[PDB]
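The next block is run.tsv, given as TSV, C-alpha atoms and all ligand atoms.
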```
chain	number	residue	atom	x	y	z
E	1	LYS	CA	229.61	228.45	248.88
E	2	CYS	CA	226.76	226.14	247.80
E	3	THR	CA	224.30	223.63	249.22
E	4	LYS	CA	224.73	219.95	248.29
E	5	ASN	CA	221.96	218.38	250.30
E	6	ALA	CA	219.16	219.70	248.07
E	7	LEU	CA	216.88	216.68	247.83
E	8	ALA	CA	215.53	215.58	244.48
E	9	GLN	CA	211.78	214.98	244.13
E	10	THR	CA	210.71	211.45	245.04
E	11	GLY	CA	209.25	209.87	241.95
E	12	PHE	CA	210.38	212.70	239.69
E	13	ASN	CA	209.24	212.15	236.08
E	14	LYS	CA	212.05	212.80	233.53
E	15	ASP	CA	209.93	212.23	230.44
E	16	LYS	CA	207.63	215.06	231.51
E	17	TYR	CA	210.39	217.43	232.60
E	18	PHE	CA	212.82	216.88	229.73
E	19	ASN	CA	210.16	217.28	227.05
E	20	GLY	CA	212.11	219.92	225.13
E	21	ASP	CA	209.73	222.68	226.19
E	22	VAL	CA	210.48	226.06	227.74
E	23	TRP	CA	210.50	226.77	231.48
E	24	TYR	CA	210.25	230.38	232.67
E	25	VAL	CA	211.72	231.56	235.96
E	26	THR	CA	208.88	233.34	237.69
E	27	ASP	CA	210.61	233.69	241.06
E	28	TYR	CA	214.05	233.06	242.48
E	29	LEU	CA	216.15	233.22	245.65
E	30	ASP	CA	219.80	234.10	245.27
E	31	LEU	CA	221.66	233.30	248.44
E	32	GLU	CA	224.71	235.21	247.22
E	33	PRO	CA	223.42	238.52	245.74
E	34	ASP	CA	225.83	240.84	243.94
E	35	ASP	CA	226.88	244.29	245.19
E	36	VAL	CA	225.44	245.83	242.08
E	37	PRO	CA	221.69	245.22	241.71
E	38	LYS	CA	220.34	243.82	238.40
E	39	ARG	CA	216.72	242.77	237.77
E	40	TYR	CA	217.10	239.70	235.60
E	41	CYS	CA	215.07	237.48	233.38
E	42	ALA	CA	215.81	233.81	232.63
E	43	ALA	CA	214.18	230.85	230.83
E	44	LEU	CA	215.43	227.41	229.88
E	45	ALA	CA	214.46	224.58	227.64
E	46	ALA	CA	215.42	221.11	228.84
E	47	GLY	CA	215.13	218.22	226.44
E	48	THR	CA	216.66	215.31	224.59
E	49	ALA	CA	218.68	215.37	221.38
E	50	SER	CA	221.02	213.00	219.62
E	51	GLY	CA	220.62	210.63	222.54
E	52	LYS	CA	221.67	212.97	225.30
E	53	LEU	CA	220.00	215.17	227.82
E	54	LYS	CA	220.50	218.78	226.76
E	55	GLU	CA	219.59	222.10	228.45
E	56	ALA	CA	219.60	225.55	226.85
E	57	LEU	CA	219.73	228.66	229.05
E	58	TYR	CA	218.70	232.26	228.43
E	59	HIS	CA	219.41	235.37	230.50
E	60	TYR	CA	218.09	238.82	229.70
E	61	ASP	CA	218.69	242.14	231.40
E	62	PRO	CA	215.77	244.40	230.64
E	63	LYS	CA	217.64	247.56	231.72
E	64	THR	CA	220.59	246.91	229.38
E	65	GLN	CA	218.63	244.71	226.93
E	66	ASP	CA	221.74	242.54	227.13
E	67	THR	CA	221.14	238.90	226.31
E	68	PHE	CA	223.25	235.77	226.63
E	69	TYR	CA	222.67	232.12	225.77
E	70	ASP	CA	224.22	228.89	226.99
E	71	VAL	CA	223.94	225.24	225.93
E	72	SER	CA	225.02	222.24	228.10
E	73	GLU	CA	225.07	218.47	227.83
E	74	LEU	CA	223.61	217.08	231.05
E	75	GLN	CA	224.98	214.22	233.14
E	76	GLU	CA	222.59	212.56	235.60
E	77	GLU	CA	224.10	212.23	239.07
E	78	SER	CA	220.84	210.69	240.25
E	79	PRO	CA	217.28	211.19	238.95
E	80	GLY	CA	216.50	214.83	239.61
E	81	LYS	CA	220.16	215.69	240.24
E	82	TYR	CA	222.17	216.95	237.28
E	83	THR	CA	225.54	218.41	236.23
E	84	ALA	CA	225.77	220.79	233.29
E	85	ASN	CA	228.97	221.67	231.46
E	86	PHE	CA	227.91	224.83	229.62
E	87	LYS	CA	229.20	226.68	226.59
E	88	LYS	CA	228.21	230.32	225.95
E	89	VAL	CA	226.80	230.69	222.44
E	90	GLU	CA	225.29	233.13	219.99
E	91	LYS	CA	221.55	232.65	219.50
E	92	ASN	CA	222.35	230.54	216.45
E	93	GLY	CA	224.66	228.15	218.25
E	94	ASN	CA	228.00	229.87	217.42
E	95	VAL	CA	230.32	229.30	220.39
E	96	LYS	CA	231.53	232.40	222.22
E	97	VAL	CA	233.11	230.48	225.15
E	98	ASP	CA	233.89	226.74	224.78
E	99	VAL	CA	233.14	224.16	227.46
E	100	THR	CA	235.75	224.30	230.22
E	101	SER	CA	236.68	222.22	233.24
E	102	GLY	CA	236.16	224.94	235.82
E	103	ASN	CA	232.86	225.76	234.15
E	104	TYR	CA	229.64	223.93	235.10
E	105	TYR	CA	226.50	224.23	237.18
E	106	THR	CA	224.57	221.52	238.92
E	107	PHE	CA	220.89	221.52	239.72
E	108	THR	CA	218.35	219.50	241.60
E	109	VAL	CA	214.69	219.23	240.64
E	110	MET	CA	213.15	219.53	244.11
E	111	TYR	CA	209.58	219.42	242.82
E	112	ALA	CA	208.01	219.00	239.38
E	113	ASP	CA	204.55	219.13	237.77
E	114	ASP	CA	203.16	219.28	234.30
E	115	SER	CA	203.06	223.03	234.77
E	116	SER	CA	205.57	224.00	237.48
E	117	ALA	CA	208.84	223.21	239.19
E	118	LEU	CA	211.24	224.19	241.95
E	119	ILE	CA	214.96	223.76	241.30
E	120	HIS	CA	218.16	224.35	243.16
E	121	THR	CA	221.15	225.43	241.14
E	122	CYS	CA	224.79	225.84	241.96
E	123	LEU	CA	226.96	227.66	239.42
E	124	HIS	CA	230.76	227.28	239.26
E	125	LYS	CA	232.77	229.36	236.86
E	126	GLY	CA	236.48	228.86	237.06
E	127	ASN	CA	236.11	226.17	239.75
E	128	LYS	CA	234.69	228.14	242.62
E	129	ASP	CA	231.20	228.12	244.01
E	130	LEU	CA	229.36	231.22	242.91
E	131	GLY	CA	226.50	230.55	245.33
E	132	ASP	CA	223.09	228.96	245.85
E	133	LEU	CA	220.16	229.89	243.64
E	134	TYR	CA	216.61	228.57	244.08
E	135	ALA	CA	214.13	228.99	241.24
E	136	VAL	CA	210.39	228.58	240.75
E	137	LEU	CA	209.73	227.52	237.16
E	138	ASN	CA	206.49	227.39	235.23
E	139	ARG	CA	205.68	226.39	231.69
E	140	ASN	CA	203.70	229.65	231.46
E	141	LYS	CA	205.54	232.94	232.09
E	142	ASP	CA	202.45	234.59	233.56
E	143	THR	CA	201.34	232.15	236.17
E	144	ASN	CA	201.98	232.92	239.82
E	145	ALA	CA	203.37	230.03	241.92
E	146	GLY	CA	200.70	227.45	242.79
E	147	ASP	CA	199.98	225.88	246.19
E	148	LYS	CA	201.98	222.80	245.30
E	149	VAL	CA	205.28	224.46	244.42
E	150	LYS	CA	204.97	226.80	247.42
E	151	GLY	CA	204.46	223.77	249.69
E	152	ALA	CA	207.67	222.46	248.15
E	153	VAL	CA	209.47	225.71	249.00
E	154	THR	CA	208.30	225.39	252.61
E	155	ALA	CA	209.29	221.75	252.62
E	156	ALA	CA	212.86	222.86	251.83
E	157	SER	CA	212.97	225.17	254.88
E	158	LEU	CA	212.82	228.33	252.72
E	159	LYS	CA	210.47	231.34	252.78
E	160	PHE	CA	208.68	232.23	249.52
E	161	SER	CA	208.42	235.79	250.72
E	162	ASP	CA	212.21	235.81	250.30
E	163	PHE	CA	211.79	234.87	246.64
E	164	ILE	CA	211.95	237.68	244.09
E	165	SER	CA	209.41	237.81	241.29
E	166	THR	CA	210.49	238.50	237.74
E	167	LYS	CA	206.81	239.24	236.89
E	168	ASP	CA	206.90	243.00	236.23
E	169	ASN	CA	210.55	242.94	235.19
E	170	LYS	CA	209.56	243.74	231.61
E	171	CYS	CA	211.05	240.45	230.44
E	172	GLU	CA	211.31	239.28	226.85
E	173	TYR	CA	212.10	235.71	225.83
E	174	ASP	CA	213.36	234.05	222.64
E	175	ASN	CA	211.74	230.60	222.86
E	176	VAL	CA	212.40	229.82	219.23
E	177	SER	CA	216.16	230.10	219.69
E	178	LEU	CA	215.90	228.42	223.11
E	179	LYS	CA	214.33	225.31	221.60
E	180	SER	CA	216.62	225.26	218.57
E	181	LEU	CA	219.77	225.57	220.71
E	182	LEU	CA	218.79	222.18	222.15
E	183	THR	CA	220.42	220.43	219.20
E	184	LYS	CA	223.57	222.55	219.24
A	1	LIG	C1	217.12	228.80	235.76
A	1	LIG	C2	218.28	228.73	236.46
A	1	LIG	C3	219.48	229.32	236.04
A	1	LIG	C4	220.55	228.65	235.54
A	1	LIG	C5	220.66	227.16	235.28
A	1	LIG	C6	221.60	229.62	235.45
A	1	LIG	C7	222.83	229.34	234.96
A	1	LIG	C8	223.79	230.30	234.78
A	1	LIG	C9	224.96	230.06	233.98
A	1	LIG	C10	225.37	228.77	233.31
A	1	LIG	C11	225.64	231.25	233.82
A	1	LIG	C12	226.97	231.48	233.03
A	1	LIG	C13	226.86	231.94	231.57
A	1	LIG	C14	228.21	232.01	230.86
A	1	LIG	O1	229.06	232.80	231.31
A	1	LIG	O2	228.41	231.28	229.85
A	1	LIG	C15	224.83	232.25	234.57
A	1	LIG	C16	225.19	233.59	234.72
A	1	LIG	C17	224.43	234.56	235.36
A	1	LIG	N1	223.14	234.36	235.90
A	1	LIG	FE1	222.18	232.59	235.97
A	1	LIG	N2	221.19	230.88	235.89
A	1	LIG	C18	219.86	230.70	236.27
A	1	LIG	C19	219.01	231.71	236.78
A	1	LIG	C20	219.36	233.03	236.98
A	1	LIG	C21	218.49	234.03	237.61
A	1	LIG	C22	217.01	233.86	237.92
A	1	LIG	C23	219.23	235.15	237.81
A	1	LIG	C24	218.79	236.31	238.40
A	1	LIG	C25	219.19	236.46	239.72
A	1	LIG	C26	220.59	234.86	237.30
A	1	LIG	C27	221.63	235.82	237.19
A	1	LIG	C28	222.81	235.59	236.49
A	1	LIG	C29	223.92	236.55	236.33
A	1	LIG	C30	224.03	237.96	236.92
A	1	LIG	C31	224.89	235.88	235.63
A	1	LIG	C32	226.30	236.31	235.36
A	1	LIG	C33	227.05	236.20	236.69
A	1	LIG	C34	228.35	235.44	236.57
A	1	LIG	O3	228.86	235.30	235.42
A	1	LIG	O4	228.87	235.00	237.62
A	1	LIG	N3	220.65	233.54	236.77
A	1	LIG	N4	223.66	231.65	235.10
```
Rewrite the structure from the file as structure tokens, please.
Ligand code: HEM
Amino acid sequence: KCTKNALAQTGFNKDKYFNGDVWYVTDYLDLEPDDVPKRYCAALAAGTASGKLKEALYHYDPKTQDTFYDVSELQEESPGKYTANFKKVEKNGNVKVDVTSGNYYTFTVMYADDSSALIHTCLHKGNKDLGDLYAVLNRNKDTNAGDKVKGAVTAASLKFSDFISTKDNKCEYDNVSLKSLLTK
């Protein structure tokens, strides 16, 4: 199951966060880890297009070189708290899996900077919690978590030592497609 108490950042700035730029996941904490291990890479670009909040996701498996994209229209449940109804797409926006009722993830921006963030995400595929995931984002894929985001982790009653770093995961990102998917 998932957490639903994750508290949004007080005085969270949307304009800065949803600037249409790319966020890299430098570290994460998966409360519900799979039986089969898989060192992953992920990035996202959150922005505005056509008058709506949009988010584009990217997942990469270095080992298999497998890549998958997603694009969702966001609905604000409260500033910092969002619900995303995703659609799996080709890197050019061609839909592989349409939006579906049982399909959506929700996330909370627990802390945000000009250069870093801490989010809580809860993914549901086929209406069923798939577990809690906590991520440390950064606008730069090479920066280690700063004192501020780590304070935020602590403030949420978590342990950063429990976070896994995607640093030497041999990641590769497609920021061009990530940003362009924003309009799809
Ligand atoms: C930045 C936050 C992230 C968001 C918002 C997010 C969102 C999602 C979404 C929407 C899917 C479904 C794609 C589809 O089938 O169309 C997915 C699948 C997946 N993600 Fe993430 N994800 C994030 C971070 C990560 C990280 C860091 C890992 C590494 C632990 C991870 C591992 C996976 C795996 C293994 C799948 C497929 C599992 C399944 O289909 O149940 N994700 N993610």
Please check which protein, DNA or RNA residues sit within 6 Å of ligand LIG 1 (chain A), counting only C-alpha atoms and all ligand atoms, and write them as a PyMOL selection string. chain E and resi 28+40+42+70+86-88
Residues near stretch 161-175 of chain E, anyone? I mean within 8 Å using all atoms listed in the file, not counting same-chain ones fewer than 4 positions away, as an MDAnalysis selection string. chainID E and resid 22 25:29 39:43 58 60:62 142 179
Determine the nearest neighbour of residue E:79 from the options E:109, E:23, E:4, E:120, counting all atoms listed in the file.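 For residue E:79, the nearest of the given residues is E:109.
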Choose the residue, out of E:180, E:9, E:127, E:157, that has the smallest atom-to-atom separation from residue E:57; count all atoms listed in the file.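 Closest to residue E:57 of all the choices is E:180.
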Counting only C-alpha atoms, figure out which residue out of E:83, E:138, E:78, E:144 gets nearest to residue E:10.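 So, comparing all the options, the nearest one is E:78.
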So how far away is atom CA of residue E:135 from atom CA of residue E:113, in Å? 14.2 Å
Out of E:18, E:24, E:107, E:115, which residue has the shortest atom-to-atom distance to residue E:54 when counting all atoms listed in the file?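 Residue with the minimum atom-to-atom distance to residue E:54: E:18.
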Given the choices E:65, E:108, E:50, E:100, which gets closest to residue E:126 if the distance is worked out from all atoms listed in the file?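 Result for the nearest residue to residue E:126: E:100.
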Just want the 12 Å neighbourhood of residue E:147, counted on all atoms listed in the file, with same-chain residues fewer than 3 positions away dropped. Output as an MDAnalysis selection string. chainID E and resid 113 116:117 143:144 150:154 160
Would you work out the distance separating atom CA of residue E:45 from atom CA of residue E:21, expressed in Å to one decimal?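 That distance, rounded to one decimal, is 5.3 Å.
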